[PDB]
């Protein structure tokens, strides 16, 4: 894990950090959720033409069986597993993860 876990940072800062125009699309980081306490979040930068650079945020909910998920069909025992999976194939994500955000 490590590289990509940014800790307790705000939605505002993650966007500030992901909207850097030299970041490739699919740059990401995992933070804590400001809105839902106990849940994390995956902030991916995307580039739609017309809207320009933007950031999609996905909430990673945890189950008491000890697994994380964004969707329920796919569950992971580990947030590092989740990152690995979404790096290999987007499978619903706006873009597969390609890059651990700089800092």
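We call the rigid core the largest set of C-alpha positions that still match within 1.5 Å between the two forms. Positions refer to the first chain, counted from 1.
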Legend entry - Larger mean CA deviation from the shown form in 6 other deposited structures of this protein [core fit; 40-48 vs 58-66]: 58-66
Inset, instruction - May I ask which stretch, 23-31 or 49-57, sits farther from the shown form in 6 other deposited structures of this protein once every structure is superposed on the core, judging by RMS CA distance? - result: 49-57
Inset, instruction - Quick one: say whether 86-94 or 16-24 has the higher mean Cα B-factor in the deposited entry. - result: 16-24
Inset, instruction - Decide which of the stretches 35-43 and 50-58 has the higher mean C-alpha B-factor, going by the entry. - result: 35-43
